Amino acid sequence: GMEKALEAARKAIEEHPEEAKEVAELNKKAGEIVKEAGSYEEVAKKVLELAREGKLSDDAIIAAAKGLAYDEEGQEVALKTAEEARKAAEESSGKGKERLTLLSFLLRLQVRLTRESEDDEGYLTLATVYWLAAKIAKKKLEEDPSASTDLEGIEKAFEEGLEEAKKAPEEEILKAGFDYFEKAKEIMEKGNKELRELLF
């Protein structure tokens, strides 16, 4: 059912092109900030450390995970940083564990999107559907506290949200796309602003 869900994501991009183009440009800006802050191994280690020390906010982690995964060679580094974040989050607490868990999840999610898309416009369409999956995944974690805050538990909630997202009605995916455009604009504006100050 992924085909029909992509069709509803494309309608949202056609019905709000100015917002979707802003998100796509905010995504390339995150890629530039991370690419230009130094080598991909330098930035990833730096991004992991700042996240482990509670200095990267949730929006700056979203932006860094995108920027580190928008390069094929970066995908290997982003995957390495994902496992390091999970092994560091397991030996951490509070914000350290929480921030590194998001970092681990978002790195692998962005590598997945980047691998499953052939250009930036295919990425924007697929990311719209994953945004609905995340909301469905979040409610699953909110309804069930026992659900593992662990990376392996969030991904299972995401897969369950992704399966339910492919089969959602047209208007549900459509409205989720307009919200993605709205939220991604704010998140990436603050996230890139914060990555800029910390990485240079």
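All residue numbers are counted from 1 along the displayed sequence.
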| property | result |
| --- | --- |
| Residue range whose averaged C-alpha B-factor is higher in the record, 74-82 or 103-111 | 74-82 |
| Residue stretch of maximal mean CA temperature factor, 127-135 vs 140-148 | 140-148 |
| Given 59, 159, 41, 32, the residue at which the Cα B factor reaches its maximum | 41 |
| CA B-factor ranking of residue 175, expressed as a third of its chain | highest |
| Third of the chain's Cα B-factor distribution that residue 47 belongs to, per the entry | middle |
| Cα B factor band for residue 16 (lowest, middle or highest third within the chain) | highest |
| Chain-wide C-alpha B factor ranking for residue 55, given as lowest, middle or highest third | middle |
| Relative C-alpha B-factor of residue 116, binned into the chain's lowest, middle or highest third | lowest |
